[PDB]
Structures are given as C-alpha cells and as structure tokens.
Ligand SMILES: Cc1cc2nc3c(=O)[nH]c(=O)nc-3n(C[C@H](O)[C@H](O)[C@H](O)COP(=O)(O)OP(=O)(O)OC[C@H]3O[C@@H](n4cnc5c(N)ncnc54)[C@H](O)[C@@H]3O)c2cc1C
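To begin, one chain is listed below as structure tokens, in the form deposited without the ligand.
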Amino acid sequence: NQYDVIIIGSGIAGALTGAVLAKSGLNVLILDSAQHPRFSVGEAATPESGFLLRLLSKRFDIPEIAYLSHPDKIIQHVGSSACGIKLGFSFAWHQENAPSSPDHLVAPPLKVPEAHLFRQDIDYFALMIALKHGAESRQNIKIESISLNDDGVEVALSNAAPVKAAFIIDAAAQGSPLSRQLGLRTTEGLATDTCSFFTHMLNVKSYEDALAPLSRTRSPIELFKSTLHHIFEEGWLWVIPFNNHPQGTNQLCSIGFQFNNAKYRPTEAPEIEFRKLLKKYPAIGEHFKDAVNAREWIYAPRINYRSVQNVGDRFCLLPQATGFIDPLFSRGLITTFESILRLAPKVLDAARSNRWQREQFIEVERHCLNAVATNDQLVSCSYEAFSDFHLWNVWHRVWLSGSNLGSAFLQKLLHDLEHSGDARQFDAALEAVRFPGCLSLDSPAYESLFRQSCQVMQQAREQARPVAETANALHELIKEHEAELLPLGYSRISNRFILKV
C-alpha cells in the first residue's frame, strides 16, 4: 500500500476530504480525469452548508475551510471574482397565457449573507488547501481499473504504475467509476424525474431593473441579491448572479432551467428551448433582453438517481456519486459536506486500527441514503406545488421551517465544538440525531409535519385535487405543528417575507 486513501475527484468534495485526512496524518492520493480550472454548477450556498463548512474547519483545525462559508472572506482570500452574494432564496411564480404579478413572490431573508459560489475558483482554492496539507494530486489521468481486494485497493492508470491504498473514496459526480463498476445506481423508486439546461451569461438584468423595484414588491431584500427561482407549472429557472457583490469583480450570472419530464419533455437545441421558455413566460424574458451566453449550454436529460448501498469494506461513495435529485433548494452541497464530516473520523479510526469492514461505515450510508430520499420527497412535492402561487406560498413554509430547525441544530453543534474543543463529543452528537438526512435532523414534530405535508402533496398529484383544498390542508398541518417549530409565524400566509427571530 503506497497510500492510506485514494480519492477519485478533485472538486470541492474530493479536495476537502483530502485536506482533512492529510491534515490528520494519512497519506492521500487524489485522482481526477479532468483538470483545474473547470466549470461546475452547484452554486447556491445555504445556512446549513455554511455551518457544515465551519464544522469541518473546526473539527479538523483547517481555518481556510471556514473562509468558504462567508462571501466577504471568499472575496478576501480566494479572490474578488470567486463569489456573488445571497441574502436568501426568492421565488416568483408565473403562468402561461397570463401576465406575471410582482405580488406572487416569497422570499424569507437570512440574517447573515451567504455565497453564490463561482465553482471554478472555489474548487481550485479547495484543492490548494489539500495540496498544502500534503495530499498528492494527479490531474488529467485515466483510470484503467479499480480492484477491490480483502487487503486494499489497487488502481491501474494509463501510462503509469498502479497505485495501492487501504480505502477508496468516490468524490466524483454522475461519472462515479465505482458507481458504474459496483452496480449500485438506479432510478427505480424516484418521485423526481427532471432535466436541466444550464450556463453562465453576461449582462443579465437584475430582478429590480427588469421586473419590479423593492418599493413595488415590498421584499426586505433585493431579489438581485438572492438565489432567485422563477417557478411555473412544468419547471423552474434560476438566476444566480456573481455580479451582485459591491466588492466582487465577476461579471457573470448563472442560469439554469429545469423541467418536470412528466409534464414537459424538451425536443430542440438548448438555445431554442430557452427562447421557447421566454416566449411562454415573458416576465422571465425581461432578464435577458441584452444578455449574451458566455459558455455553451449543457443539457442533462435526467438528473435524478439514487443508490441501493454506498459503503463497503474498502470503499465509500460520497453523496454526488450516490444520489442526486435536483438543484432546487441546493440540498446537494449540504448532503456532501455532512457526509464528509461523518465519514472522515471513521476513515481515521479505520486507518489507525487497521480494520476495514462495511459495518464501520454504516451510519455514513444511513445518512446519505436517507438524505437522498428526503431530498426526493422535498423536491417532487415542490414541483407539484409549482402549479399555483397560493399553494406554493403555503408549501414553502414546510421547507422553511424544517431548514430553519436543521440550521439551528448545526449552529448549536458548532457552538459546543468551538468552546469544548471536544471532537469525539461532536461526532457522537451528530451521529445520535433521531432523523439523519431529514431537514430538521432531530425534531419529531417537524418530521411529522414533513411526512404528512408530502402525503398531502402526493395525493393532490395522484388525484388531481383542487389547489385551494391542498393549500388549506397544508395550512392546517402547519397550524397543528407550529408550537413545536421556531416562533417565526409560519402559519401567517399573508406575510410572504418571513423574518428571522
């Protein structure tokens, strides 16, 4: 064995994994068929993802990891082009053959700003963290085979001698070569069936300039300074600026549009589909009158997958290699950072005890598979809620209340870790949560609300129920559970901009 761990993929997941393991005394080799710099989506940070980066940073004493959670710290240390800003998620609803209303908006603001991650710069910086801590990296390589033996792993490489390790982590995405060879991936049982078209653009107009100013919308935050979701019956489109930070230099804006394949299947080239969308929804088109595409569109016809298992004696698939649902709500980054946080202490224990058995990693699998399942219910039910603004308004409080509870839970874990310095206590506290992979992590009342609300939405889809009935059923569920949630007034449906505290 020339290494302790081989990591496939040098993106943020592989890089952070490599950094924390190398920091902790393991000899790590990161392999990637691609090379930096390169484009990637997965751009909208969340409260959870920020807390998870800070937890990773504190758990392994790597300060630079925490920089990646704060836009001001990204600008200062990674570079001024490396992010935009977000003060929350905003949602504007539209329908075909009718004018769009600036009152069909919800936007619950954050207290602390978060980042729109320009992944080419963020990921390259992350790899630099790993390299500076002693992880080895080989870019632009070709893996010829991966052998999983009872005494380790052996990876054959084109035009080089094979490399050996005790353990292999797949930190790649849809191209997970372990996933392909292990036969663990499937689309069976997934409620979400969606496609995605995405690119980066110049000269994308702000929501306030294109559609309605703050004096009209009454939003507490500029939608320009938010992850903006334009939602409609068959899909949604994101507007994620990198050019909205007063000290930023990036000129681009990320644009992605997604369809529920059960309701609309695209047939034509990405630019033609984009123009058809804008004709259908002229309000959305107001962003793009002077816009130009700065890259080729990428089209993915089906973005959803899960896995039946993701750990063995000698391997672990990180979340992107295991399952993905949708960009909606940006749950992928969350699941990724939490999975690293759960896995890394176990890999260290394994390497120190020289014991490599599947059962040691079972809670990593339990978290990841539960997270993908929860993500599938969240997103599938959301796409059904896209049918009507009032329904969306009621529905978004189910997501928000859960996310707020999970964020608060992670914030508390971080506080305890910062002051106690007690890594083992933290690891055990995260593992002891009652609902790993669920939005609240540990609230039986919230998970009751989530389960029952998803049942309402699936039944509404299945039986084509009237949207007013569904919205009301959700509202009554929120009222029933509200006493056991954060005291934000989630049942006050007329307040479309739910504030913290």
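Rigid core here is just the name for the largest C-alpha set that superposes within 1.5 Å across the two forms. Residue numbers run from 1 along the displayed sequence.
- Looking at 120-128 and 320-328, the one farther from the shown form in 4 other deposited structures of this protein by average CA distance, after a rigid core fit, turns out to be 320-328.
- Put simply, when the other structures in 4 other deposited structures of this protein are lined up on the rigid core, the C-alpha atoms of 169-177 lie farther off than those of the other stretch, from 334-342 and 169-177.
- In this crystal structure, the stretch out of 33-41 and 461-469 whose C-alpha atoms carry the higher mean B factor is 461-469.
- According to the PDB record, 409-417 carries the higher mean C-alpha B-factor of the two stretches 409-417 and 254-262.
- Listed residues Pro241, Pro99, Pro319, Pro327 were ranked by CA B-factor as deposited; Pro99 comes out on top.
- The PDB entry assigns its highest CA temperature factor, among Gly235, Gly323, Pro71, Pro345, to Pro71.
- In this PDB entry, the Cα temperature factor of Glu222 sits in the middle third of its chain's modelled residues.
- Annotation for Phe118: CA B-factor lies in the lowest third of the chain's modelled residues.
- Compared with the other modelled residues of the chain, the Cα B-factor recorded for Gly84 ranks in the lowest third.
- Among the modelled residues of its chain, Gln455 has a C-alpha B-factor that falls in the highest third, as given in the PDB entry.
- In the PDB entry, a CA B factor belonging to the highest third of its chain's modelled residues is recorded for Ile493.
Just so you know, the form solved in complex with the ligand exists too; it's not on screen, but the next bit is about it.
- Although the partner is absent here, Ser196 is a contact residue: one of its heavy atoms lies within 4.5 angstroms of the ligand in the deposited bound form.
- Shown alone here, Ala13 lies within 4.5 Å of the ligand in the deposited bound form, counting heavy atoms only.
- For the chain shown alone, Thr217 is not a contact residue for the ligand in the deposited bound form, no non-hydrogen atom being within 4.5 angstroms.
- Among heavy atoms of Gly175, some come within 4.5 Å of the ligand in the deposited bound form.
- Only one segment in the set 472-480, 28-36, 60-68, 458-466 has any non-hydrogen atom within 4.5 angstroms of the ligand in the deposited bound form, and it is 28-36.
- When contacts are defined as a non-hydrogen atom within 4.5 Å, all of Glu43, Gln320 and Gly332 contact the ligand in the deposited bound form.
- Residue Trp238 is the only one of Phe426, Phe315, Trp238, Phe259 with a heavy atom lying within 4.5 Å of the ligand in the deposited bound form.
- Of the residues given (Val308, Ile143, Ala291, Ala269), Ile143 alone sits with a heavy atom within 4.5 Å of the ligand in the deposited bound form.
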